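First comes the structure, then the notes that go with it.
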Amino acid sequence: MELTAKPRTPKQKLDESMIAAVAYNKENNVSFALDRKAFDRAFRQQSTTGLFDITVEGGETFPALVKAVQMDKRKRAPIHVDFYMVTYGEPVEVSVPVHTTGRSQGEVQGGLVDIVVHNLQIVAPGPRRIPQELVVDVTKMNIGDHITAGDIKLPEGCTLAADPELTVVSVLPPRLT
Amino acid sequence: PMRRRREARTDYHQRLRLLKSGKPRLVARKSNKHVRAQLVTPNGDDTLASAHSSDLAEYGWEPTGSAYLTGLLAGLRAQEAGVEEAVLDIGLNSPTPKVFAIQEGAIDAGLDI
Amino acid sequence: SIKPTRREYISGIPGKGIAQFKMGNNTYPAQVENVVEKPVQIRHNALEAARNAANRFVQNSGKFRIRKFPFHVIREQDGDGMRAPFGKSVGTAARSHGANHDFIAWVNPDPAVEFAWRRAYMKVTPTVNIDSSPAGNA
Amino acid sequence: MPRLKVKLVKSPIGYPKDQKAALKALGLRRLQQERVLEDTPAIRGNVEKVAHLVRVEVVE
Amino acid sequence: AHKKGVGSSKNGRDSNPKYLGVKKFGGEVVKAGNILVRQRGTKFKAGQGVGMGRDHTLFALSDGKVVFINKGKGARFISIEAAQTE
Amino acid sequence: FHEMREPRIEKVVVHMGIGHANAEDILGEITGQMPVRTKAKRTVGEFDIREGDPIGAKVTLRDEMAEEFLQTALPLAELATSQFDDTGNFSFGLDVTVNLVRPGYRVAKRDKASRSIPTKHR
Amino acid sequence: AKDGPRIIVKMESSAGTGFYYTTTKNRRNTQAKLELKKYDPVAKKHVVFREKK
RNA sequence: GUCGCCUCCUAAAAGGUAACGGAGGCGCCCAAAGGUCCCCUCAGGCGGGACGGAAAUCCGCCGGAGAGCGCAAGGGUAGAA
RNA sequence: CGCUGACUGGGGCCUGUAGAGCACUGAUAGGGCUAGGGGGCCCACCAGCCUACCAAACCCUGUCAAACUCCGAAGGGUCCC
RNA sequence: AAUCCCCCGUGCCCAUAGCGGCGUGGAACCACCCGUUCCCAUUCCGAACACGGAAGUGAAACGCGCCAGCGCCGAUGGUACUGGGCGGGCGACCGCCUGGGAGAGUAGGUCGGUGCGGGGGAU
């Protein structure tokens, strides 16, 4: 949303209210613009979890946003970001999240819980074609069970930029099973 | 391993053995179907198609003779250039009776080996 | 930064003796956690402990995860007196590099675990930083 | 032929070995005095390194 | 009349390896590159090494000397343009 | 091309070996390609602790030779089943094995582009 | 040298007379009264060479 | 306690420096690990069969050599020692 | 002896800490797949069966090293101009 | 005989050539091939090394092409570390001013590029 800059001035820039952030795209880049105030708001929403874009000179109103960056620093306040769009029908490198609900199985009865080393899902469905919020939770939880890649259950866009059997999300003893 | 330490069979380094010095790499490349040798001499040297089974057709005298000549001649072709004492090049296999053959060539070829 | 004699000649190859990592429960978004800023060969023991007392006060779901762990150690009085000092080991930990990802109180809506960790900081030693993660804490 | 005109300041008293040489080199006797030279990255360098040393002026 | 234990304490002594003559100086039929004595010198400079490329020593005479593996025995001649007709 | 995959011999051993002198001489007379290899280990599961002795006997025999043997030796063996192992190959008896030879076997011999022998050819 | 009746024993070898000898260290270890090889005494050159002493 | 000598680390990146600072080896040996000329392609893992169910022996696949080199380490390095 | 010297500019060639990194190695945590020990069940030469406790090794999420490093700068060196 | 397409000996650049998946070639080339008295030769057999020769074949090694899954290469903007200069905190240490500025991390790039000679293939 907006964000400007692109000359050659990171220090002061990298200072005050404007944080660096390259204009990255397949084939071309352009001095860092943006701002340490927009990043906020938007970013605050769900960086590489949905997507939008800003109007700098109406130039090229496109999506793709961030494919890297960091609040690095100790303090925990980012500085020096990466920005890449995608006006193509190739959209792959697509990492969008996936949520459950709380389906009661090991929890609200077994107190047991479940780790989700997954959460996210870098895949590649129908380029410029993804539900900013995709949910899938067949339920199940408790004892020494576990679910991961393999099973899963992918809708429409048949990608999987990923593999089978691997960090899905299981149920462990928040105390004992 | 480094390219030449995971494959097998060659000895190229037993070529570099003579590399050090002594003269032309009177290297004799074989392929049954025929024999073909050059003359890799030190300094990004080169060669002078000194002897080949095709150069002058491939005849019909098999191994024996072939060599016997290919060499000789070869040796003939070169000593016209201005060489003299050239180092041998077992290129490959053991100075088999072929090999040995060609070999003769050089020797008889008057190109000292 | 004086450190030890080697990873297998003086004292290197242990379990360091402690109480493992993970606790609490999952959670996809909710980013609930703790880190620091202080530098200190984190007092093993003190360490191990601390964190633990953490579980002692909570119990289940709240990433009682914790990303620390000592692995080297000091030494002192053993032998003659003060001069040519040989070495007698004791007390390993790990450098808390001037702040960083401590342990995580990670989960949907379960501050009943935030306060916890909280109780977890209180403890500890080198001050500590009370914080949230990508998004905050819900 | 950018001619450089530097002056003397903050006595190199006890300060880095070399640094001094860059002193006697560029041509640096008594204190707070003024000398000039051609750009010449050479002479240039030295002086610069000496930086804080004193003050450079583009003259002729 | 013996010696003890549980006192590791065992200082170490001296060496003296180097690249003597480093790369590209006035070459003199003398100790080329060093890091393995008994060494077996070579011809001119050396470029073979557990690194990749090679090293030239714009200095040429009889020969130099190796170090057993390190550096990378010489052989890729390189007398230097300073070896032509007077 | 059905003129490919369709087989054409390929090796085929037949041996023995005891924690030992000559017994292999009964081996020489039955064929002609003496096996001289040294087994070993260091325990007492037979009194074979000796970890560096000459007891391993193995009379290699592919093609040509093996033929005379596959022949004069294939009659006294009574089975034909199970003893059929994956890697197109198999081992029965006082010690004997023989390997298949589909068209995609050799390559696994090259020092270079050593195609880890695909599992659809073998 | 450090004379050590330990399989460590120093010896030489004549030159059929070529005259004198030449240096050598040894070890009964194996082949006792065993020790032969050629050289070249001030005597012309070469010459068989027993070692025993 | 300890003094000689071989290696690592310490040396901050040329070289090189204390510490009663860290850890570990040597006062052997090999007549054949000698000289060359000629051939070899490791450990291991997996799959198939004698005496064999760790752990061989052979046969068929996979392999910046992780085995290999009398001895401590470290460099080396199959092209090969 | 007389411009050669500390120093700077240029040009090669080197070292490879700090950092960082995990495929070499040794740690080490959350977990998945698995076989070793369990463990409860046909009574158990059964070596057939399920599964909540410990594990080895491979796989994902992670992390420490002076005597680890596929990676690699600050800089210092040395010959020439 | 002093131009391109191809195969063959073969060299430099030490994986932007390796792995592997499919494929194509045999007039020419090359191998596999056909046999084994004599040269030589296997600690066991002429499998490999090897001498003589057609038919047979492109299966295999092999050569050119397509495929990013494993690998290899790898910028820009960016953060650590720091040569030099100067300030804060008793404190482990923090910061500033000026030139140097990596790895990993997304883009993407790669399925070699290029020497000399020999056989042809282009009156």
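Just so we're on the same page: first chain in the structure tokens is A, next is B, and so on; residues restart at 1 for each chain, and ligands are numbered from 1 in the order they show up.
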
- Item | Contacts of residue 54 of chain E within 10 Å, only C-alpha atoms (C1' of nucleotides), excl. fewer than 4 positions in-chain, as a VMD selection string | chain E and resid 45 to 49 71 to 72 74 76

- Query: What lies within 9 Å of residue 48 of chain B using only C-alpha atoms (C1' of nucleotides), ignoring chain neighbours under 6 positions off, as a PyMOL selection string?
  - Reply: (chain B and resi 38-39+77-78+81) or (chain J and resi 117)

Write out the residues from the selection above, keeping C-alpha atoms (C1' of nucleotides), as a PDB file, in the first residue's frame.
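Final output, again_2.pdb:
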ATOM      1  CA  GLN B  38      50.088 -38.015 -32.356  1.00  0.00           C
ATOM      2  CA  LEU B  39      53.000 -36.141 -30.818  1.00  0.00           C
ATOM      3  CA  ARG B  77      56.795 -37.928 -41.826  1.00  0.00           C
ATOM      4  CA  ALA B  78      58.149 -36.332 -38.650  1.00  0.00           C
ATOM      5  CA  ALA B  81      59.609 -31.751 -39.819  1.00  0.00           C
TER       6      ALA B  81
ATOM      7  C1'   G J 117      44.808 -33.407 -35.127  1.00  0.00           C
TER       8        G J 117
END

- DSSP-assigned strand (DSSP E) among segment 3-136 of chain C, expressed as number ranges by chain: C: 32-35, 65-66, 101-104, 129-132

- Note on the structure: Across I:44, I:29, I:68, I:3, the smallest distance to chain C, with only C-alpha atoms (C1' of nucleotides) counted, is shown by I:29

With 9 Å as the cut-off and only C-alpha atoms (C1' of nucleotides) counted, what is the closest atom pair between each nearby residue of segment 44-73 of chain F and segment 36-60 of chain J? Distances in Å to one decimal, ordered by chain and number, as a tab-separated table.
residue	atom	partner	partner_atom	distance
F:59	CA	J:44	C1'	6.7
F:60	CA	J:44	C1'	6.6
F:61	CA	J:45	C1'	7.3
F:62	CA	J:47	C1'	8.0
F:63	CA	J:47	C1'	8.6
F:64	CA	J:45	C1'	8.7
F:65	CA	J:45	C1'	7.1

Just N, CA and C atoms for this one: save the residues we selected as a CSV table (one decimal), in the first residue's frame.
chain,number,residue,atom,x,y,z
F,59,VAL,N,35.2,-70.9,-6.5
F,59,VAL,CA,35.6,-71.2,-7.9
F,59,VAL,C,34.8,-70.4,-8.9
F,60,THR,N,35.1,-69.2,-9.1
F,60,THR,CA,34.4,-68.4,-10.1
F,60,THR,C,34.1,-69.1,-11.4
F,61,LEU,N,33.0,-68.9,-12.0
F,61,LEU,CA,32.6,-69.6,-13.3
F,61,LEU,C,31.4,-69.0,-14.0
F,62,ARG,N,31.6,-68.0,-14.9
F,62,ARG,CA,30.6,-67.5,-15.7
F,62,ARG,C,30.7,-68.1,-17.0
F,63,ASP,N,29.7,-67.9,-17.9
F,63,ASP,CA,29.8,-68.3,-19.3
F,63,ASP,C,30.7,-69.4,-19.5
F,64,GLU,N,30.8,-69.9,-20.8
F,64,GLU,CA,31.7,-71.0,-21.2
F,64,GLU,C,31.8,-72.1,-20.2
F,65,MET,N,32.7,-71.9,-19.2
F,65,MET,CA,33.0,-72.9,-18.2
F,65,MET,C,31.6,-73.2,-17.5

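From atom CA of residue 3 of chain C back to atom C1' of residue 1 of chain H, the distance works out to 25.1 Å.
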
Can you write out as CSV which residues of chain B fall within 8 Å of chain F, alongside each residue's closest atom pair and its distance in Å to one decimal, counting only C-alpha atoms and ordering rows by chain and ascending residue number?
residue,atom,partner,partner_atom,distance
B:6,CA,F:111,CA,6.1
B:7,CA,F:111,CA,3.4
B:8,CA,F:111,CA,5.0
B:9,CA,F:111,CA,7.9

If you keep N, CA, C and O atoms, can you produce a file of those selected residues as a PDB file, in the first residue's frame?
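Generated output (selection-v2.pdb):
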ATOM      1  N   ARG B   6      37.489 -42.039  -9.269  1.00  0.00           N
ATOM      2  CA  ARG B   6      36.225 -42.711  -8.971  1.00  0.00           C
ATOM      3  C   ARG B   6      35.778 -43.572 -10.153  1.00  0.00           C
ATOM      4  O   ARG B   6      34.981 -44.499  -9.994  1.00  0.00           O
ATOM      5  N   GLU B   7      36.300 -43.258 -11.336  1.00  0.00           N
ATOM      6  CA  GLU B   7      36.011 -44.023 -12.543  1.00  0.00           C
ATOM      7  C   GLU B   7      36.784 -45.335 -12.533  1.00  0.00           C
ATOM      8  O   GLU B   7      36.379 -46.292 -11.875  1.00  0.00           O
ATOM      9  N   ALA B   8      37.895 -45.381 -13.261  1.00  0.00           N
ATOM     10  CA  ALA B   8      38.761 -46.555 -13.234  1.00  0.00           C
ATOM     11  C   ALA B   8      39.308 -46.955 -14.604  1.00  0.00           C
ATOM     12  O   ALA B   8      38.732 -46.624 -15.641  1.00  0.00           O
ATOM     13  N   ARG B   9      40.432 -47.671 -14.593  1.00  0.00           N
ATOM     14  CA  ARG B   9      40.987 -48.261 -15.807  1.00  0.00           C
ATOM     15  C   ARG B   9      42.191 -47.506 -16.378  1.00  0.00           C
ATOM     16  O   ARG B   9      43.245 -48.101 -16.616  1.00  0.00           O
TER      17      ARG B   9
END

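DSSP annotation of chain D from backbone atoms: alpha helix (DSSP H) residues are residues 21, 22, 23, 24, 25, 26, 41, 42, 43, 44, 45, 46, 47, 48, 49 and 50 of chain D.
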
- Specify as a count of residues only all residues of chain A found within 8 Å of chain I, counting only C-alpha atoms (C1' of nucleotides). 7
